[PDB]
Amino acid sequence: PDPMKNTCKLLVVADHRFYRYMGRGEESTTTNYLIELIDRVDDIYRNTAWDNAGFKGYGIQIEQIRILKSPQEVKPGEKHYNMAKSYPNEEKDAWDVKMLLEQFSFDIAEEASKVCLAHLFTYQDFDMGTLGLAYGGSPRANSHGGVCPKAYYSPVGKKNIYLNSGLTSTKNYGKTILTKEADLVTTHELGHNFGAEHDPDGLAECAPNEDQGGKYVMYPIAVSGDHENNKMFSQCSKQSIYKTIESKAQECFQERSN
Ligand SMILES: CC(C)C[C@H](CC(=O)NO)C(=O)N[C@H](C(=O)N[C@@H](C)C(=O)NCCN)C(C)(C)C
Ligand SMILES: [Zn+2]
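With mature numbering (1 follows the signal peptide of the UniProt record, and there is no 0), the residue at position 30 of the sequence shown is 230, and numbering never jumps.
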């Protein structure tokens, strides 16, 4: 592991919902929450041996936190990830999650091109229990993204956007999720960014029963995280991430800041 290039620097964005509902309308409260969350997630990554040997010490660090204190005013017909209304259905508490990730990537393109990853933290109740979403680590045909900006020309947006993005919501079923749960959401989404796909039931090694420590972080269904494996990456995730981690590291990782 190149100690000069072992850290994925992040642009962390807190939208107006997060600022108000998690931040208590305060910059300090907002940033402290995020700084502490990323550092705990970093502990998970940093201590992971991607090859089950000495290939460890790779992690994440915040480069900048953008704090949006109020909604983005928009003209009629125009949309922005930080606008007051949910999209496509303004009657709902939250956006459609996929459309939100696409919108965030579009609006943040200039900034995203200069960082390893951009991550949006929001506070909206996505339909049916969804907590987050990210590019990378998806089995879908022609899907791409994850660490290090990769361009995608949006025929609808008429410009290049980058696929080095993901998002976390700390609201689910009308309540703020536990910090232990939030940590797991962000870990899972960055896991996709790093190259992991969902662990399959079909491989017991990567999806243990509850008495064998429970599921690992990349399981498709969320859990509170009281089981042993919950906060760790499975061997399946490690294998996937390891195929490209070094290469990606040479591309856009930087030196850890003490
Ligand atoms: C951190 C988690 C694992 C992220 C995933 C979505 C995903 O794979 N993002 O990369 C999620 O929101 N999972 C939901 C989830 O498990 N939520 C739990 C909290 C839930 O609602 N459980 C009971 C609802 N029947 C789904 C979509 C499976 C309902
Ligand atoms: Zn997932």
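Just so you know, even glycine gets a beta-carbon here, dropped at the ideal spot from N, CA and C.
Is it true that the CB of residue j sits closer than 8 Å to the CB of residue i?
i	j	result
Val315	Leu210	yes
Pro420	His398	yes
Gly395	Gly329	no
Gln435	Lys205	no
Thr368	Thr379	no
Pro271	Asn289	no
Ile265	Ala341	no
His344	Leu317	no
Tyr373	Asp296	no
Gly254	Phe306	no
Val423	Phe433	no
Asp426	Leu237	no
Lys448	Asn430	no
Between which two residues does the alpha helix (DSSP H) harbouring residue i extend?
i	result
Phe304	297 to 307
As a quick exercise: from the options, pick the residue whose alpha carbon is nearest that of residue i.
i	options	result
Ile361	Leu367, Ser369, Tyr352	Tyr352
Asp202	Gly257, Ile244, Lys292	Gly257
residue 162	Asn232, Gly277, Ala294, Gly366	The structure shown does not extend to residue 162, since the chain is modelled only from 201 to 458, so the question has no answer here.
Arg224	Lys269, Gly254, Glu236	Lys269
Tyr221	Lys415, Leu237, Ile377	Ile377
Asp327	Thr207, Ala309, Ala312, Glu291	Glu291
residue 196	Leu403, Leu331, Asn409	Outside the displayed span of the chain (201 to 458) sits residue 196, for which this structure offers no information.
Which residue marks the beginning of the beta strand (DSSP E) containing residue i, and which one marks its end?
i	result
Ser434	Run containing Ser434: none; DSSP gives neither H nor E here.
Using DSSP's beta-bridge definition, name the partner residues of residue i.
i	result
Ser369	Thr322
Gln264	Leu211
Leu317	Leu210
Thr376	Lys371
**OP:** Output the residue ranges of the alpha helix (DSSP H) runs that lie fully inside the segment 405 to 454 and measure 4 residues or longer, sorted by chain position.
**Re:** 435 to 442, 445 to 452
Subject >> alpha helix (DSSP H) segments (min. 4 residues) lying fully within the segment 334 to 365 >> reply: none
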